[PDB]
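Colleague: need a structure here:
(2 chains, ligands or ions: 7)
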Amino acid sequence: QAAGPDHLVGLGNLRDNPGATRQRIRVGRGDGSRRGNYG
RNA sequence: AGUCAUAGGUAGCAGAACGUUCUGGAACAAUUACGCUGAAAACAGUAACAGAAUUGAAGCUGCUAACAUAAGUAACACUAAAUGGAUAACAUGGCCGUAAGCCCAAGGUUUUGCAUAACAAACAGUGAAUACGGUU
Ligand SMILES: [Mg+2]
Ligand SMILES: [Mg+2]
Ligand SMILES: [Mg+2]
Ligand SMILES: [Mg+2]
Ligand SMILES: [Mg+2]
Ligand SMILES: [Mg+2]
Ligand SMILES: [Mg+2]
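Modeller: Numbers count the residues shown, from 1 in each chain, chains lettered A, B, ... in the order given. Ligands and ions are numbered 1, 2, ... in the order given. Take a look at the structure below.
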């Protein structure tokens, strides 16, 4: 029984501010990656 | 949504994303999937939002496992020698004979016996009685 307005806040709707968190750079992950061969 | 401008790249720097495993948000595969294609790529075709990582492998004379190549190749030449339709009991021939014979020791520890395939190791076998060796 799908229902529920879009303004209800729950643990599956949360998101941080844009620019607050970044992905870690995993070095050693291929030539196309950001720090691929020598780190 | 129409005009312009830019777009070779190693070292390096910056930005955006794909995928794997697990968790939170009640439960996103009980009864499967299978029109064979889509996308710029990583890929997709059984959620999505966040998070935690032992998170991505042709490339370390790396490690493990499997499978090829060389290749049906090399090898099956230290010796006495075999033959009769059998690794024969029989016959013929040959070889050792201070050994390739016989009796023990050390060591081995059942390697020892039985079936013209077989269903047999699951079964047997080592006897101190000559003042045998040891034990003293
Ligand atoms: Mg460029
Ligand atoms: Mg140019
Ligand atoms: Mg859950
Ligand atoms: Mg690792
Ligand atoms: Mg041959
Ligand atoms: Mg014969
Ligand atoms: Mg003995």
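
Colleague: count of residues packed around the closest residue to RNA strand B within chain A?
Modeller: The nearest approach of chain A to RNA strand B comes at residue A:12, 2.2 Å away (C-beta to the nearest atom of the strand). Bear in mind the C-beta positions are built from the backbone N, C-alpha and C, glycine included. By other C-beta atoms under 10 Å, 5 other residues sit near residue A:12.

Colleague: give me the element it is part of.
Modeller: Residue A:12 belongs to no helix or strand when assigned by DSSP states H and E.

Colleague: residues of chain A that sit close to RNA strand B?
Modeller: Within chain A, the positions adjacent to RNA strand B are A:10-16, A:21-26, A:29-31, A:33-35, A:37-39 by C-beta under 7 Å from any atom of the strand.

Colleague: sorry, back to before: contacting residues for the residue of chain A closest to RNA strand B?
Modeller: Contact analysis of residue A:12 by C-beta atoms under 8 Å, 6 or more residues apart in numbering lists nothing.
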